[PDB]
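S.K.: Any chance you could fold what I've pasted below:
(2 chains, ligands or ions: 5)
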Amino acid sequence: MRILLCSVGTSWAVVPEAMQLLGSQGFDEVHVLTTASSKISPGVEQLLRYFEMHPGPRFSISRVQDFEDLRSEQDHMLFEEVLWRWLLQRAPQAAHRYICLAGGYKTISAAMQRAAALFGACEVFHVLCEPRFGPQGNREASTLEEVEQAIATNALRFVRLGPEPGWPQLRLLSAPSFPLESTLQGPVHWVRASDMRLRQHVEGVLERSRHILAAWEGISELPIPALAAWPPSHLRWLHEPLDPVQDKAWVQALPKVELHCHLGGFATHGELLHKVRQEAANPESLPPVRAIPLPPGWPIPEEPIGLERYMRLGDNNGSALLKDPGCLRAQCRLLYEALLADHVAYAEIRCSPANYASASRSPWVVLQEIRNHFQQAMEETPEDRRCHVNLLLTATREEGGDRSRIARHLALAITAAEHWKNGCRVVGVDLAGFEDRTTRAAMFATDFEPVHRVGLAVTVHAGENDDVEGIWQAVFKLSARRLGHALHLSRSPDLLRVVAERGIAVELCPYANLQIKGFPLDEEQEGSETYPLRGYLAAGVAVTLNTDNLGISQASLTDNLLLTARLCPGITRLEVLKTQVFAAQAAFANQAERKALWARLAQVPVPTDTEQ
Amino acid sequence: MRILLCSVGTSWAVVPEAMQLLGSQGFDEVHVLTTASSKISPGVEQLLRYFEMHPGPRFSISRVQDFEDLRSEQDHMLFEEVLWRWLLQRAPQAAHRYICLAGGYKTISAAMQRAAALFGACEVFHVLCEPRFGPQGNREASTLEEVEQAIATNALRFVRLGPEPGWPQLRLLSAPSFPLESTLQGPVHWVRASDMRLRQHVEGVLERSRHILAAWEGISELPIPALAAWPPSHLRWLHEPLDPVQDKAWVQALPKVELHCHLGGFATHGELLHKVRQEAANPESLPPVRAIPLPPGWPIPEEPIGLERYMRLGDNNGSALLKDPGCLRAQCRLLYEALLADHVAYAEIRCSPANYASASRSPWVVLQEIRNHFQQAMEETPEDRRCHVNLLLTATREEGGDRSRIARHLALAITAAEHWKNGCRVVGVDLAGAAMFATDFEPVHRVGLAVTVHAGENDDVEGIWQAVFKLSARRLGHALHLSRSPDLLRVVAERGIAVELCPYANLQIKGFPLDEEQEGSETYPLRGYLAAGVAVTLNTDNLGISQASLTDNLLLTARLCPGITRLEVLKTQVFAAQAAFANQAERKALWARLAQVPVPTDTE
Ligand SMILES: Nc1ncnc2c1ncn2[C@@H]1O[C@H](COP(=O)(O)OP(=O)(O)OP(=O)(O)O)[C@@H](O)[C@H]1O
Ligand SMILES: Nc1ncnc2c1ncn2[C@@H]1O[C@H](COP(=O)(O)OP(=O)(O)OP(=O)(O)O)[C@@H](O)[C@H]1O
Ligand SMILES: [Mg+2]
Ligand SMILES: [Zn+2]
Ligand SMILES: [Zn+2]
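M.R.: Numbers count the residues shown, from 1 in each chain, chains lettered A, B, ... in the order given. Ligands and ions are numbered 1, 2, ... in the order given. Take a look at the structure below.
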């Protein structure tokens, strides 16, 4: 089976001439598309007559209604937009198509040759008749007799350039997808192009291909393989330094991952603290709102305020408050809205249910409510806009240490891990207060064999400190898989290798680290006191950027990603985009949750200021 | 610059008119391509006349010295070759390239257009002149005076089609790569094409670029990202089950990673055993060659012979022979050339230097020599086929309670960890075996050494638990009973711990059904581990006792695990590449070797 397709200009003999390209085998179905010019209609009748005679195969004559003649580029494109549509309907496949570019404009033959290499074809050929006919014998065949003279006298030359396989994304463009309006004005199919959709599709299938092939070299330096379809000018933008003020609208739209977030430090002051209190189940046991003054310049202080002072800023929330069932519900719902305004796709919230247990509300009752308040908010959100929330139970700070309180949280986490197997889950424990030397014994004095034997992951909170010996015991004694605020790894080069090669992730909180211990800002060169984010990446450490306390720090996740530009000199926009892939791998998520998080991470927003 | 390329034929006024595309500014140097036909010569003389009477931009006239009239596609093939090469010489840049497809045959314009669509161009226009000239005012301006009036009277209408982006890997082709010979028969540069490289290097690019696009979406499933450039038939042959008869040549040519290989069990008998004894420094001390019979069916025994009988099968080599300084070189060199013949790109050899120490050669002297016998062999191999060898020290539990050997090996590994920073390195210790939990393996962890633990012959699930969390093992050897504990099989996958599996050593020790029509209750746990997300690696263990190379071990999986595909054998190599104890420099060099996957030969 073989379709024939050719363009007809002012000479119609080409169509009967191409009929002999296969000797006497001909074509199983021929088609002719030409213009609406008044000089073409006269040739239509001749082909109709010649189609009336020798009517072996099926015939069809079509003319572009909206293309009289070539006056401007708008005309060629108009006919170009129709050729592909007509080329799909008449020719459904690419292995049966045969094309001739004899009749038509020099820009119409170019529209025929190009059109074949895009949707695939079996062959493209040309015809050239000897000018040994007509009066004086110095002209080519122009009558039904002269044409048959050259047909029977071997006066036609066929220049067959060769077949075209076609591109992969265009061999499935079916004509029904791009309908062509055909009018039956007798034996002529006058066609009209409804929309320019097909052209807007091919230009989108060949534009994306050229971008992928230009990025098939650094495809291993790209954290997200979906960045390949990005224009080369955009990929050069991605490789330049981050701008904290120009990229705010790009970082704010990134699908991010949260791994370090305390539930009790969320709404500590401002319009949010007063909103949590208004939800109290009994607005009579709420303690008086203290007056905790934020240090000057908050969120960016003038000097570090130490860890002890940093905790005290969250005294209007936490253990006091949220013991009320109504105020706890508000926190678990006002916090999920924050994770939706940051475009966070996966979050692990750190909670201490034993801090919220009253005489009638056991730690399990509190933990069961926290899980169900996030699971309801998760279910009331579209699957494409839904932030997945998992829970970590915290072995708290110096408030802990007692044997009768660090093993109650471990038992609570073990029971919860086996309880919920879908939706919001308890995925691990957070050994906070690990930097407390007194509580250090309590952490190593308690057995963690049950925690590891049930599949719960351990993350260690290496807060403000300089004891590199604690990090060694966290990796090898507690089998921790993540490290919190490990800001002095570069000092011990031998420990930086162990962390990098073993795959332990490091949780860095830009704002919390700046407000507690302080770091140089905007320095033109990397010195000795500089933030270690860029040194960890060079050493092969899987670093992640988190918020820690959305309320105490007064900075969102976007404000933490932007501060790295002013905190690490030279950090690029592919570096921040790379920490989101490290976080996705450091998350204590199962296969189902990971597969849903990579889909969200593979939707990096396109930049807008890629013009210089 | 605004270089312009013009094609000419029986009409020559196109070039003088095409030069007006830019208006009064014009071009800086317009170039013309022409054939060898005599009929075009009158235009050529007129074209030179126009150029000489219109001085300015560099004017060049080139004729196709091997094409005179369109007769067959052979002429067409020769036209494009020169055309592309001609366009690669007269117009180097893609922003200075202005092309006019008017002049020439009907197939010439397509080549002038298609070629632009492949190499790009600033513009490929089309100048049309009003037929208001000639003696009767009916023909297009043909003479010198008519062309001027056509330009002067604005009888020109240029049909601009647009610029051309081209293709990324094709928008770099320079002139010297595909040169040309221009015979100066006067002001005309008669050009000709020597070879056809500019049509085989181009036609093949679009072949590879369509494979990438087709297989790009189906990516992230290929362990090696470079496989996307494979033909779809090849990329679909990769997803079919392995066939350990027809694939003995593709598996043999694969770059492989060796993570479990014992030095002392290499040349245990046969021709290799005598080539190690033959090089002994003190032939008067070589022990007599004990008679050790191999169970019938070796390497495939009719029944599992257990571990105790397996060890005794290699009693003609090892500490018996390796205490000789000369026999320790043949072992280290006859072993490195066995990995070269197997295409191994990175290997970790397990040795016990304390078993070869005499009263004059301390364990450090033996290790000092083993390291330099591998480093010397590595440096004497080209850096293209060079297998990088690292060393693990095996601290085997002894059946005397004698833990002095354990102490010497652990101290030796810590000492050698800092000594060597390049070339062959001691990268970890092998805990081939409660005492180790009282051994205080912390010091090896503090110096950066990795730990590998052989899983005992018993189904000691509590043993694999303590290796992961007490010994902090990063790899597990012979952990065939992981599926027993569903919670353990999930901890191993989530922590990224790798499992070292030896298809022959496991078959000849425990025994597994072979070529069973479907998965059963006593099948090799390869596919079960892979499905559970466990990082699995296939090794040789003892290349001498087992009598099988790394290639044979990979093929035996086609029988132990029915339905295993050829993409899985590549996954095990990527898992090994990430489970290796190599550093960044070594890992970077190993990824380059892995990326050179051999291409399937049948595919049909
Ligand atoms: N620095 C921190 N370390 C650990 N958990 C913290 C920290 N700050 C806040 N939290 C979170 O707060 C919750 C319990 O602590 P909470 O905020 O109630 O503090 P507290 O010590 O009980 O008293 P206060 O009311 O003065 O804050 C848990 O979610 C815990 O994760
Ligand atoms: N498949 C196996 N399973 C367990 N242990 C093994 C296996 N293969 C070898 N071993 C033991 O592991 C250690 C590896 O050391 P190696 O084989 O290089 O030494 P050797 O020179 O053969 O020692 P020997 O003096 O015992 O003969 C030895 O104890 C060897 O017996
Ligand atoms: Mg031995
Ligand atoms: Zn914290
Ligand atoms: Zn072993």
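
S.K.: ok, how many other residues are close to residue A:353?
M.R.: For residue A:353, the count of nearby residues is 27 (other C-beta atoms under 10 Å in any protein chain shown). In short, each C-beta sits where N, CA and C put it, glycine included.

S.K.: My guess is it contacts residue A:371. True?
M.R.: No - contact between residue A:353 and residue A:371 fails when scored by C-beta atoms under 8 Å: they sit 9.6 Å apart.

S.K.: Flag every residue of the stretch 501-612 of chain A that's near chain B.
M.R.: A:501-503, A:540, A:591 (C-beta under 8 Å from any C-beta of the partner chain).

S.K.: Now intersect these with the helices, please.
M.R.: Counted as lying in helices by DSSP state H, out of those, are A:501-502, A:591.

S.K.: List buried residues within those residues.
M.R.: With burial judged by 16 or more other C-beta atoms under 10 Å in any protein chain shown, the buried subset of those is A:501-502.

S.K.: Could you dump the ones in helices among the residues of the stretch 501-612 of chain A next to chain B into TSV and include distance to residue A:306?
M.R.: Output for these, formatted as TSV (distance: C-beta to C-beta, whole Å):
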residue	distance to residue A:306
A:501	34
A:502	31
A:591	42
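
S.K.: wait, is residue A:595 part of a helix?
M.R.: Yes - assessed by DSSP: H, G, I helix; E, B strand; the rest coil, residue A:595 belongs to a helix.

S.K.: How many residues are close by it?
M.R.: 10.

S.K.: repeat for the one 3 residues further on
M.R.: Residues near residue A:598, counting by other C-beta under 10 Å, number 15.

S.K.: Can I get the helix or strand harbouring it in CSV? Just the C-alpha atoms.
M.R.: Residue A:598 belongs to helix A:591-601 when assigned by DSSP states H and E. Output of helix A:591-601 as CSV, limited to C-alpha atoms (Å, rounded to 0.1, in the frame of the first residue of the first chain):
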residue,chain,number,x,y,z
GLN,A,591,8.9,3.9,48.5
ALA,A,592,5.3,5.1,48.0
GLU,A,593,6.1,8.5,49.6
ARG,A,594,9.4,8.9,47.7
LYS,A,595,7.8,8.2,44.4
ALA,A,596,5.2,10.9,45.1
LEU,A,597,7.9,13.4,46.1
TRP,A,598,10.1,13.0,43.1
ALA,A,599,7.1,13.9,40.8
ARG,A,600,6.7,17.2,42.7
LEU,A,601,10.5,17.9,42.7
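
S.K.: buried ones in it?
M.R.: Of all the residues in helix A:591-601, those buried under the rule 16+ other C-beta under 10 Å are A:593, A:597, A:600-601.

S.K.: now swap in stretch A:457-476 and tell me
M.R.: Quick answer for stretch A:457-476 (16+ other C-beta under 10 Å): A:457-465, A:470-476.

S.K.: out of those, which are inside strands?
M.R.: Judged by DSSP state E, the buried residues of stretch A:457-476 include A:457-461 as members of strands.

S.K.: Among those residues, which one sits closest to ligand 1?
M.R.: Taking C-beta to the nearest ligand atom as the measure, ligand 1 lies nearest residue A:461 of those, at 6.4 Å.

S.K.: which ones are touching the closest one?
M.R.: A:394, A:430-435, A:484-485 (C-beta atoms under 8 Å, 6 or more residues apart in numbering or on different chains).

S.K.: how close does it get to residue A:267?
M.R.: 21 Å (C-beta to C-beta, to the nearest Å).

S.K.: and residue A:350, what are its bridge partners?
M.R.: residue A:262, residue A:392 (DSSP bridges).

S.K.: Would you mind listing the outside residues contacting stretch A:114-126?
M.R.: Outside stretch A:114-126, the residues touching it (C-beta under 8 Å, 6+ apart) are A:2, A:18, A:21, A:80, A:83-84, A:87-88, A:94-102, A:112-113, A:158-167, A:170-171, A:173, A:202, A:206, B:106-107, B:113-114, B:117.

S.K.: Find the nearest non-adjacent residue to residue A:398, please.
M.R.: residue A:436 (5.3 Å; C-beta to C-beta, 6 or more residues apart in numbering or on different chains).

S.K.: Tell me where the stretch 1-150 of chain A has helices.
M.R.: Counting by DSSP state H, counting those that start in this stretch, the stretch 1-150 of chain A has these helices, from start to end: A:14-18, A:41-52, A:73-90, A:106-119, A:144-153.

S.K.: Please list the residues of the stretch 351-500 of chain A that sit near ligand 3.
M.R.: By C-beta under 5 Å from the ion, no residue of the stretch 351-500 of chain A approaches ligand 3.

S.K.: Look at the nearest residue to residue A:419 once chain neighbours are set aside and say how many residues are nearby.
M.R.: Closest residue in space to residue A:419, ignoring its immediate chain neighbours: residue A:426 at 7.8 Å, by C-beta to C-beta, 6+ apart. Using other C-beta under 10 Å, residue A:426 is surrounded by 24 other residues.

S.K.: so residue A:426 makes contact with residue A:394?
M.R.: No - applying C-beta under 8 Å, one finds residue A:426 not in contact with residue A:394, separated by 11.5 Å.

S.K.: what residues are up against the residue in chain A positioned nearest to ligand 3?
M.R.: Chain A approaches ligand 3 most closely through residue A:501 (30.6 Å), counting by C-beta to the ion. Residue A:501 is in contact with A:540, B:448, B:450, B:581, counting by C-beta under 8 Å, 6+ apart.

S.K.: so which two of the residues you listed are the farthest from each other?
M.R.: For the contacts of residue A:501, the farthest-apart pair by C-beta to C-beta is A:540 and B:450; their separation is 15.0 Å.

S.K.: would you list every one of the helices in the stretch 301-450 of chain A?
M.R.: A:306-312, A:325-341, A:363-379, A:403-419, A:437-445, A:449-453.

S.K.: need those helices in TSV with mean neighbour count and distance to ligand 1, can you?
M.R.: Listed next are the helices of the stretch 301-450 of chain A as TSV, based on neighbours: other C-beta atoms under 10 Å in any protein chain shown; distance: least, C-beta to the nearest ligand atom, whole Å:
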stretch	mean neighbour count	distance to ligand 1
helix A:306-312	15	5
helix A:325-341	20	9
helix A:363-379	19	9
helix A:403-419	17	11
helix A:437-445	15	12
helix A:449-453	17	17
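
S.K.: okay, the ones you listed in TSV with distance to ligand 2 next?
M.R.: As requested, these are exported to TSV (distance: least, C-beta to the nearest ligand atom, whole Å):
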stretch	distance to ligand 2
helix A:306-312	50
helix A:325-341	51
helix A:363-379	47
helix A:403-419	36
helix A:437-445	34
helix A:449-453	27
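
S.K.: who's sitting farthest from the centroid in chain A?
M.R.: In chain A, residue A:136 marks the outermost C-alpha relative to the chain mean, sitting 70.0 Å out by C-alpha atoms, centre = their mean.

S.K.: Identify the residues contacting the residue of the stretch 151-300 of chain A found nearest ligand 2.
M.R.: Residue of the stretch 151-300 of chain A nearest ligand 2, by C-beta to the nearest ligand atom: residue A:220 (36.3 Å). Contact partners of residue A:220, counting by C-beta under 8 Å, 6+ apart, are residue B:225.

S.K.: And what about it, helix, strand or coil?
M.R.: coil.

S.K.: and what of residue A:483?
M.R.: Strictly by three-state DSSP, residue A:483 counts as strand.

S.K.: for it, which residues make a bridge with it?
M.R.: residue A:460, residue A:506.

S.K.: Tell me how many other residues surround it.
M.R.: For residue A:483, using other C-beta under 10 Å, the count is 23.

S.K.: Could you double-check that it sits in contact with residue A:458?
M.R.: No - the pair residue A:483 and residue A:458 does not pass the contact test of C-beta under 8 Å, sitting 10.6 Å apart.
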